[PDB]
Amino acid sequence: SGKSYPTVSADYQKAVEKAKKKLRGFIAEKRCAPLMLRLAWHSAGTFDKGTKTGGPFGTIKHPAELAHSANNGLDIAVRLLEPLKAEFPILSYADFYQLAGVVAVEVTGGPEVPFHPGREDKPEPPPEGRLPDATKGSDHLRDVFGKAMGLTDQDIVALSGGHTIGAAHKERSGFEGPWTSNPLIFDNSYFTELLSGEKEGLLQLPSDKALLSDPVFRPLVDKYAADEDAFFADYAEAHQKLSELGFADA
């Protein structure tokens, strides 16, 4: 809604389709879907609606943005994708990284998030510090996702479900371990685990726990824990919106 997607050439479209297939095989084989989802999300999550700066515009590959503390370990993601990207010189890094994120969700069994090409690679990384802090709560989440990015409370909860794949690493954030028993499977288990309480071997961040106590977030957690179809629907909506922040006006 509110989007006017740019025209791209037939050759650009062909490259998107071929890159999508190549990314599926590569991501599946390398077992790096969670990292690629994090790479897409950190690329997009810096958008500030009031100034129209940051967002999914290829800047995460810049040494300067990779250096941001929130981006610990994402230099691995960038390196892993570089040989593949070089096979698709016509694609923007901006598009390529968002496409990797969409593919990461698909190959782990998640919803098919619609993808529209045309993001341009912008020269200037956003300032550091826009991404959310795992030790903070619901107010902070609204500041970051709502006031800056311009996403809804529904989007916040659905997107938090992205933690249904992958893990924290004590050498990256300092937190450690997977949120779920199946960290390469995209499903609603993140909310199931969040509701059941702490379990040995499984992670919950203070930012995850903040969803349980908020009057608006909690009914959504409950909905998603009960109804994976509803989760997949709202997830696909939120991921699309996230991937298109500042793109296509909008």
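Note that residue numbering follows the sequence shown and begins at 1.
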request  = Averaging the C-alpha B factors as listed in the entry, name the stretch that ends up higher: 69 to 77 or 152 to 160.
outcome  = 69 to 77
note = As the entry reports it, the stretch among 93 to 101 and 80 to 88 with higher mean C-alpha B factor is 80 to 88
query = In this PDB entry, which of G129, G177, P111, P117 has the top CA B-factor?
reply = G129
request  = For the C-alpha B-factor as written in the entry, point me to the maximum among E228, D11, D234, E17.
outcome  = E228
request  = Report the third (lowest, middle or highest) to which the CA temperature factor of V216 belongs, ranking only the modelled residues of the same chain.
outcome  = highest
message = When the deposited Cα B-factors of this chain's modelled residues are ordered and cut into thirds, is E29 in the lowest, the middle or the highest one?
response = lowest
query = Going by what the PDB entry lists, where does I185 fall on CA B-factor within its chain: lowest, middle or highest third?
reply = lowest
ask   = If you rank every modelled residue in this chain by C-alpha B factor, which third holds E124: lowest, middle or highest?
value = highest
ask   = If you rank every modelled residue in this chain by C-alpha B factor, which third holds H62: lowest, middle or highest?
value = highest
